[PDB]
Amino acid sequence: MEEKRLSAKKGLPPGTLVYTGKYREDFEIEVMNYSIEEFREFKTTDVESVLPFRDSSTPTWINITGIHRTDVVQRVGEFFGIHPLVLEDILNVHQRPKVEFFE
Amino acid sequence: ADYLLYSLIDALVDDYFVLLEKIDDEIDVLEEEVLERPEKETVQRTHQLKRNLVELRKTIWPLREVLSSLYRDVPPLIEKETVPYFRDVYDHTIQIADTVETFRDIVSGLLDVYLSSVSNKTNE
Amino acid sequence: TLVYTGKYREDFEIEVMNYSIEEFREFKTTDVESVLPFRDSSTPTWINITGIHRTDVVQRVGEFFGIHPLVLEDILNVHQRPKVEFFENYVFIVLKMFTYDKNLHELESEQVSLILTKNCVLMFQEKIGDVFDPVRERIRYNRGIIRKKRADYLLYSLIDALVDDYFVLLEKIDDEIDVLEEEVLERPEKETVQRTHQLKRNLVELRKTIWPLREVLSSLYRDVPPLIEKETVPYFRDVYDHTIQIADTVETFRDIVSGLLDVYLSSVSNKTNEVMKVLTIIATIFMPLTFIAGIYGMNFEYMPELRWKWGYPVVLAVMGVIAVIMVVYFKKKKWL
Amino acid sequence: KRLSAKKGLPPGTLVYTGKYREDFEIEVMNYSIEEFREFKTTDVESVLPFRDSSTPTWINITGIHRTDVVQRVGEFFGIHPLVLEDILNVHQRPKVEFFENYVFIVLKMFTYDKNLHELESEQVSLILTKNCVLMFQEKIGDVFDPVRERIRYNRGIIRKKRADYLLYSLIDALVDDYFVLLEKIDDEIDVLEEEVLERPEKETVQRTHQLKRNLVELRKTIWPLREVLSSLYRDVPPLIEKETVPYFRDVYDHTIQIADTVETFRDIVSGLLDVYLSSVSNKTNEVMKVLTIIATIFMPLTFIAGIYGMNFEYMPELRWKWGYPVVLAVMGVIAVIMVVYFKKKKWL
Amino acid sequence: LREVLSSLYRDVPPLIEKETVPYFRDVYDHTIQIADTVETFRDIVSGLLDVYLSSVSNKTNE
Amino acid sequence: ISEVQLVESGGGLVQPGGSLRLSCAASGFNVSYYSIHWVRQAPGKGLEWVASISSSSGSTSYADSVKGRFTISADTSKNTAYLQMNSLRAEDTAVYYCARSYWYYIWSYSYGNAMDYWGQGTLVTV
Amino acid sequence: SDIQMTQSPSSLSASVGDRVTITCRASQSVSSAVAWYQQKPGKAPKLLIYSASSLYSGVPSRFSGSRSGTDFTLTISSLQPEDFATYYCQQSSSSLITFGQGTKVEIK
Ligand SMILES: [Mg+2]
Ligand SMILES: [Mg+2]
């Protein structure tokens, strides 16, 4: 219960992240970037079109549906600097609700 | 964005309230069958309702813990102005947990009434 | 004072495998006299003791290697949960081996003990045949990094082989659980309830065995004694993770089995009602016939049957009419 | 404020509430960076000069049944009489009070006995004042031996820090034996669940109900523990240093785990209550299955034998060619075929 | 009655007099005992009957 | 919009004991995030798995039949997977397909691997 | 050593609208890591079913998969003219994937 390191499953290559749920039918990214006087709503399927919103000054709400596509989750986590263990927790459906505070 | 996080969590808890209302309606429907129509299907329905209630509690308790942590830990990302919204959501979670416990008690009572009904049939 | 608790006494055997960077010696032996020198060797050595029911051999080995009498008694004791004890001169781990047998619905156990003493590793088993064959083959054929490493890596490899066989047992239990779910849903037959109870008992034993195992491996990597090198700590960590998997699976499996009982277990009062109804149906239609046969079969030396021609057909028709009336009554009022 | 007026007693009376009066002892452990001592004694006056010591001190007074010692320690250490009344009131729930000089914590430890399934509870109080920790128990035998060994043999951080780490270590040890007790109850509940389905008797019911009541006690004494650890972690009163809060956070997560485990056990016993009734119904089903099988097979035979065995003056079938063997043969055929009919399902 | 006594001493008007205030305190304390006693009695009477509730239908099989 | 596909080349006439380097260029996805498999299909016979590479960690599995002589690797710079075939045989003449797989979860201990996208196939005659 | 999948029948025949069942037996225990593929003569194989019960997105719901212990069944409820191809098993319990024999579906 000390230190956070990626768990090693024996049925997988050492670094691979696996989706745990049972849904594969959907995939879509909805970006909703609002302000006091404006808002842009933008529905897409390209992961590379949401990356500039990391450095956006205005509040933005990214919504990726279809986390079965692990490549999109990994790319977004790599760009936003999200720890790989948090990515494994994102893709691990069979877990209880929880909160983790990072720097 | 902290207020956006509050809004999303509040919407989720409101949907949890709607879910509990639906569970209550299902319990009210099952009451008539369990005290009037004693069958094996009623047994299965009540037992799967009890399993569902157990899963609901197992989800609600960590959710209340999460809201308590957001309220009582105030990380730097929350700006300390949106904390009252988090305590409102925390109270909602507490209410939901009490409701789910009461529903579990109701379900066990339904099982007991089932046994009584079948016993009366055998008594006749 | 050393006593043996288990029920395995069939065979005794011993074998030494001293391996190094380029030379290995695999010597099969029949007595402890050969393995006495193997305490001061520089190269890693693996001692295998089979059939510990000969308490003299383990006593001699413990006396020579300086093994405490208490842990020797633990080695002899066969009904004990897996556990690890860190001593200055050695580390003593005890683990469980399982062998599920198909077409029998039964689970068999065995106790194995590992003792790591600097340059050597002692293994205490109870029967011929084990689950450490892949490690043996890898050492023999130089098919890995096992030769280049010391005895702590040998301990890691043996625990890893144990965990892999746990995974194989999990596969077998998975097949059993699937077929049992199919049977219970299709037809809750009487033997299936016994099968489900046996599966539940096996899963309880498996859980109670696996849960101390991850604690043992946590104590193995998280706070390494000086015997275990800090270079080999990450490998042990991996094994710990694997046990996590097993535990979760077992827990999930156990949950399923619990359901498999209640869906059948509570819906039994219906069977009580059916038995009640059958007994009442065939007791309320035959007690009256027996009574009327008694009264008209009662000897009296006189009766309203002095001649009374066709009276016997009348009473047979009375019997039939009564039976038909009761049958119709129960059909219409639904005790059938 | 004020010591509550219990009627039937002289005003301002401090009374022990528990039942354990067998033993009484005082054990002192004064440890520092380099040197330490272990001054176990009974004369209370010898323990007192440690209140103002520079190095952290651990005072352990077992047997609070001697209220004079508790009163004297409370008076010399500046402890409010309400705190003393809480100390001597064993019938309580875990709780925490923060004061301007000392922190007062009420906790419970539990023991479980095999072959006599009794969940025995002993209340233990901690009072952290300045650089000393007072400890109040009521019986010999606690779960703080790991802390004593760590202090004695200089293993771990405890010898390096202040008394706040000592209080953290004590609470951590309490949570550890809580986990041990949960494991023991897990084993017992597994045994009871296995037994209730194979040998259902009234003693199984008594054992299951005793386990259920013990679990209710455990829940009612663990949720206050969650509350007290929360109070120790968040606000972090001045008596507790800011560097020692992550440890209390870890203990808080441990209490979360314990609460989850006891709730799971409570659900399991609630299930076993219905499982027992199902099992006893199964047994009654087996008994009446035997009864209904014998009844169904041999009542019709009885009445047909009665019918042919009657005293009519007529001569219907009493001189036919071996009519009695014919009746027996056809009758045995009907019995055999109905036994075969009943051979379906699990009745036979 | 607990809050009756609480109103009677905690923020009492001068019509009940300061010298009389401590006496009411004692009454309040006694009230607490009553309540405490009552609850523990319920705790010992709710669980009295449960073993008999489960024990029925165990003579049915005999 | 990327229209995931795998275009594979490098299959031509060779002599027994010869060397080939089958290439599988994948467009529409990254090789680093997925596992690439190679499969044979002898003319008139069924499918036969050959090799599998997980380019993220380089972990490699080979069919026992071709183990020791084939070698599968993957370069993420070109997003391509290479299968080097050495010491071929006259029984090795087949249509080689390149496939992409995704791991799915069955139980906590057991996982499953399913090929969802396939290449066109290249004939290799020996 | 290696898990071997064997399919029955080696080939079958049916007409449009029929119900078709193909059975697949594994030598060893593969939990649910079995997948069913369809290959028309002269084209790349197409994934139909994974995990023995789940069906890949974009395939008709007529295809169904079930498992009983070690036996795995692929059933086409109402065969259609575009369903006359060769169907293969696959087990991925171990890193050494193996494929089934392959059952052709002729037209009668
Ligand atoms: Mg008679
Ligand atoms: Mg007569």
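Couple of notes before you dig in:
- Computed about the Cα centre, the dipole magnitude for segment B:56-124 is approximately 180 debye when only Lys and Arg (+1) and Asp and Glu (-1) carry charge, each at its Cβ.
- Taking a straight line from the alpha carbon of D:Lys1, these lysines sit under 23 Å away, with near neighbours fewer than eight places off in the same chain left out: D:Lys95, D:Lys130, E:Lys18.
- Taking one quarter of the surface of the convex hull spanned by the alpha-carbon atoms of segment G:6-108 gives a direction-averaged projected area of 6.2 nm².
- Within segment G:1-56, all pairs of alpha-carbon atoms sorted by distance into 10 Å bins from zero give the percentages 18, 46, 33, 4, 0.
- Whole-number D in µm² s⁻¹ for segment C:67-161, Kirkwood Cα-pair radius fed into Stokes-Einstein, 10 °C, 1.306 mPa s: 108
- Taking only Cα atoms of chain E, radius of gyration then Dmax in Å: 22.1, 73
- Rounded FRET efficiency, nearest 0.05, which uses the C-beta distance separating A:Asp71 from F:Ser77 and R0 of 22 Å: 0.80
- Taking only the C-alpha atoms of segment C:199-333, the Rg (one decimal) and the largest Cα-Cα distance, Dmax (whole number), read 36.5, 113 Å.
- Checked against a 29 Å cut-off, the cross-linked pairs C:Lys200/D:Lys345; C:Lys83/D:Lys242; C:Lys83/D:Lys40 give Cα-Cα distances beyond that limit for C:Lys83/D:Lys242; C:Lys83/D:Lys40.
- For the protein assembly as shown, the spread of Cα coordinates along the three principal axes comes to 120, 106, 90 Å, biggest extent given first.
- Straight Cα distances below 22 angstrom link G:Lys104 to the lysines F:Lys45, G:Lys40, G:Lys43, G:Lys46, with same-chain residues fewer than 8 positions distant left out.
- Residue order, fewest to most surrounding Cβ atoms within 10 angstrom, among D:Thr129, D:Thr67: D:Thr67, D:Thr129
- Extension gain from D:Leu116 to D:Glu317, taking 0.36 nm per residue of separation minus the Cα-Cα distance: 65.2 nm
- By the Stokes-Einstein formula, at 1.306 mPa s and 10 °C, chain F with its Kirkwood radius over alpha-carbon pairs has D equal to 107 µm²/s.
- Put a plus charge on the Cβ of each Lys and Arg, a minus charge on the Cβ of each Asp and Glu, and nothing anywhere else: the dipole of segment G:6-108 about its Cα centre is then about 80 debye.
- Counting other Cβ atoms within 10 Å as a rough exposure proxy, the listed residues C:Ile75, A:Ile90 run A:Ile90, C:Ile75 from fewest neighbours to most.
- Per-residue Cβ neighbour rank within 10 angstrom, fewest leading, D:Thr13, F:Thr71: D:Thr13, F:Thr71
- Computed magnitude of the charge dipole of the protein assembly as shown (debye, nearest 20; Cβ of K, R +1, Cβ of D, E -1): 3320
- Calculated FRET value between C:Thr280 and B:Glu26, using beta carbons and R₀ = 30 Å, to 0.05: 0.25
- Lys/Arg +1, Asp/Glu -1 at C-beta; the protein assembly as shown dipole; positive extreme among C:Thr209, C:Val184, D:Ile258: C:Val184
- Per-pair calculated FRET efficiency, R0 = 51 Å: G:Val16 and F:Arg89 via Cβ, rounded to 0.05: 0.75
- For the protein assembly as shown, the list of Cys residues with no other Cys C-beta under 4.7 Å reads C:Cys120, D:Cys132.
- With 10 Å bins beginning at zero, the pair-distance distribution over Cα atoms of chain D amounts to 5, 19, 22, 16, 9, 6, 5, 6, 5, 4, 3, 1, 0 %.
- Exposed-site-free run, longest, chain D (rule: chymotrypsin sites (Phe, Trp or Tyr not before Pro); DSSP loop; at most 13 other C-beta within 10 Å): D:154-319
Every read-out reported here was derived from the displayed coordinates using simple, explicitly stated rules and does not represent laboratory data. Here the Cβ is made from the backbone with ideal geometry for all residues, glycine too, and neighbour counts use every protein chain on show.
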